[PDB]
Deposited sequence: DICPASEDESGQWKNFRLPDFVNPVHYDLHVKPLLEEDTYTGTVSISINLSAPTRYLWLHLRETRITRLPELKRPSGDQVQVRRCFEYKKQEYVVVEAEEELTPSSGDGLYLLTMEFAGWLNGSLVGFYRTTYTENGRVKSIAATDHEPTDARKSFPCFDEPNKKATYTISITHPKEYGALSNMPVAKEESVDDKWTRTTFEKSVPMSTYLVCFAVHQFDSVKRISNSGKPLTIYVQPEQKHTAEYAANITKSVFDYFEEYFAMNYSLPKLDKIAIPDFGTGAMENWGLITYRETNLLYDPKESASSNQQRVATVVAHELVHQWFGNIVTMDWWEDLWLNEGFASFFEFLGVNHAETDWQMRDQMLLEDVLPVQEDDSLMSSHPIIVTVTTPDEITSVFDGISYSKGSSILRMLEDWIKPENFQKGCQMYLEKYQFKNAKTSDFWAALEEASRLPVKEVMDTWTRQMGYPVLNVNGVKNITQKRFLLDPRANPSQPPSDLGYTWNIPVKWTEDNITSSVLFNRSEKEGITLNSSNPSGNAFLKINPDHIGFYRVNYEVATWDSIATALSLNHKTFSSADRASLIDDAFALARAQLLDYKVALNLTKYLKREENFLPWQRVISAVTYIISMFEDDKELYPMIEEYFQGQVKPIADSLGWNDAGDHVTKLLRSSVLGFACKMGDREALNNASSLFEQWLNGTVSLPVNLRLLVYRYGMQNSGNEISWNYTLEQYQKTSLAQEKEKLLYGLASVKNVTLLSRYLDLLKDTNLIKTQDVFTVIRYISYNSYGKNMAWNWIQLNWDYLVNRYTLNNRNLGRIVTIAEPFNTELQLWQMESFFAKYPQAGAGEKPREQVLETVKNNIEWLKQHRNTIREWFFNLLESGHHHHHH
């Protein structure tokens, strides 16, 4: 109404990107929430460095409206006359037009633009919003922001681009019962009424809009002091105060470690962490005020699993890395997002490894990031690490496996190639150089090239400017050639077009005889290279350190199987996992006969290590799901793999004994036993479940999930379903809540699963943050695979309206269709996608799940008989 929408394209505001010549220096931001009303108002003053003649000034704004006609100042101080304001929806701009036009800011003086705005706190988990929780029977409120990537513009009008760094002084007018937090410490608190307080924070260092954060809360706090002498506090509900302790410990330890590792001081005087009762992502690295989902921050040693403990530790560490990589140095544009996320996903393992020494964290990188993303990046519908993005939906989409996991994986290879010491120093120099500014990928290579003198740009560009990765083909034990690895054998290996033509500069490592050698495999060695006393066995890619797969000659693979059966310890735990992972991926890709891959599983009755079991289970889970409906194959696969885990499942038992990694092993090994239908394992689950239903017995923390799942699956009924639902409401610990939701999703009852799906529309029962988690759990249920799939179709309009097409999690929900493997199911998917063709942030996931389902159909056609023969002949 005041700044009406206009379809006027005839200006520079038609461009997706902000202009080069308008730059913010300082933001004066004031917001006043009306918490009980779900509204807020605010005014913002922005100091602007103008570089070119313009009759129009524009910046980002979404949903939140301008309420007063904005006022502009010249660097001299004079009021500039304003003809009109208008909104341009297509690119999310509010544009104001001066009568006349004005000239560049020449000296130390700047233009000043102030605008008045009003927005909503309800119906959303982005921008500035309010949510509730219960304390001593009273409903309490908390308000916070969440901006990454393009949501700062919902909170307040701003230049919402990562490279438009400005300095911030924030103030909030709030009721006095509430405290206020932001990026910086409190500077002054002044009484407005005897009811309202105005909290003003001290000036920030230069930072990006997406990092700007404020909150209004009535939380308690657990406190720690760094070696720097700076306060590190975690804000937490009084009820949950005891569960903030562990996160407090890790923050201390990892904060102290990183400041020392990066040779650079944390740029702010304090650091705060807070978990919002309803929060849309895992966690957010808002400088000095890191926000969390409760499951990623709050941990109870008496109730939470080792899995949960590691998750809290890892996310906290991840969030800390960002204080350096992301906050101090930011990417210039979202195309270089991996400079934030890859680095965070890499250093997270070093952080936690320092804090928890016997967790074998560096090895766990293989399970968490490397091997899972080698599945992703073997699809045609992957994308290069450096990604072209032209809409907010494309921007948000690239917060994915590639940015995080592949980013992490190629740094891991890079570090090993370049040696840790030099990698460390190179990172420090980069951090020194671009501090409080923005960097491109090219800048990071040059920094490490200064630190090692190795050809970093030349080599790392191949891993970064094209999607995918190579398989090394072994000829004659010693000759290797490279070829792009694709899961679909029919796919065109040259597509989509790449300047580098899908050949890589591969840093290659191998183990001769406990002795390690290194070679860079050059791109232009078109006919391959030869690996430098006379040998009978070459172990290529030790600990799967390089982002590629190795395909040995079939005779070699045969010998590996035999060697595993004789003495499996001949290979390290990591090497076993890697060989198993490669073989099964190769078999999946029709590059190795399945009988050869399956032969590697024969030794398993003697396997006792975490890493090989995890990758075995990953590979079997896929094969088993492809044959779910096959009454001939399934029992045979079940019978075999049941026999292979039985010894380790029996050996570890149903009890929380041993170190961290052992406890993780027990979880997944007992789970697989249950999955494979081991009567004794299932009876343990039922027995414990029955006891838990008696309402006193606290289950062993690392067995709970399994007990809820397989207990409910095997002996669940309405009475125990209702009980479980009550328990979920009653527990304060989010980590327990999440397990109970999985339990509820496990019942073998269409009526009860139907009730559960209906609860998704009930915001008093299922939090907005948990809807997609629940749908995904239900999709795992043998009945619910189809129910969840059908429910998202029937309720698509509802979900879009509730979340918007810009919601990443909504975009991704179609991946519940991944297990599909028939032409009928593919037709359903295509029909539904054609009916709702506006995919938003779901565009990539749609492409990916379609490719996956097409692959599944082909896979069945190619491999059913082969796999059938192997099992039939064996049993």
item: Missing segments of the deposited chain sequence, listed N- to C-terminal; value: 533-536, 880-888
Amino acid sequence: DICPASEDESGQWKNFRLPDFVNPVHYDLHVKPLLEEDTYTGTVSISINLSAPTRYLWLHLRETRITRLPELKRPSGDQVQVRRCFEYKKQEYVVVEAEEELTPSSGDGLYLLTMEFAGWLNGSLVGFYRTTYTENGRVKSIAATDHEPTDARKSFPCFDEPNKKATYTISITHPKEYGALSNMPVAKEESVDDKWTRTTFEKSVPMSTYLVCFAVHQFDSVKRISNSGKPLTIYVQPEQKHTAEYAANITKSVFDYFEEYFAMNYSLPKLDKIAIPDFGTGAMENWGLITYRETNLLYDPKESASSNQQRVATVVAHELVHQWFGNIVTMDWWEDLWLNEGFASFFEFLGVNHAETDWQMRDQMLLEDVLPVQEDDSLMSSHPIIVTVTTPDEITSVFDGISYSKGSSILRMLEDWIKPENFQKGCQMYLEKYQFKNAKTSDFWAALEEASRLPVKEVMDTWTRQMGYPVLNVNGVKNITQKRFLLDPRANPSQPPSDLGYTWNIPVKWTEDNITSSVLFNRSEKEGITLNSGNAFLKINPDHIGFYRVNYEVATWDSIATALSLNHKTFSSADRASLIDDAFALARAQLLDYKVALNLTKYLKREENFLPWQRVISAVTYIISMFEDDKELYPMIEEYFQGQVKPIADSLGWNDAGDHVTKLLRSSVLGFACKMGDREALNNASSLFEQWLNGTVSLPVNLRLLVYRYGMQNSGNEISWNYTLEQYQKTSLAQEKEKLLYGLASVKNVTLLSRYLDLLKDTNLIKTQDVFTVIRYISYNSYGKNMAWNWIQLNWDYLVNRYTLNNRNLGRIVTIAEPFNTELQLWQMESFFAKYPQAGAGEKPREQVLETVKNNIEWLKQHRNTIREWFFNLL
From here on, numbers count along this sequence of modelled residues.
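Take the two forms, find the largest set of C-alpha atoms that superpose within 1.5 Å, and that set is the rigid core.
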| property | result |
| --- | --- |
| Higher-deviation stretch (C-alpha RMS, rigid core fit) in 5 other deposited structures of this protein, choosing from 97-105 and 457-465 | 97-105 |
| Mean C-alpha B-factor comparison - 509-517 and 331-339, higher one | 509-517 |
| Stretch with the greater mean C-alpha B-factor as recorded in the entry, comparing 410-418 against 663-671 | 410-418 |
| Criterion, highest CA B-factor; candidates, 839, 813, 29, 850 | 29 |
| Maximum C-alpha temperature factor, selected from 488, 770, 629, 639 | 629 |
| Residue 819 - Cα temperature factor, lowest/middle/highest third of chain | lowest |
| Modelled-residue ranking by C-alpha temperature factor, third containing residue 386 | middle |
| Record-listed C-alpha B factor of residue 646: chain third | middle |
| Third assignment of residue 450 from its chain's C-alpha B-factors | highest |
| CA B-factor ranking of residue 477, expressed as a third of its chain | highest |
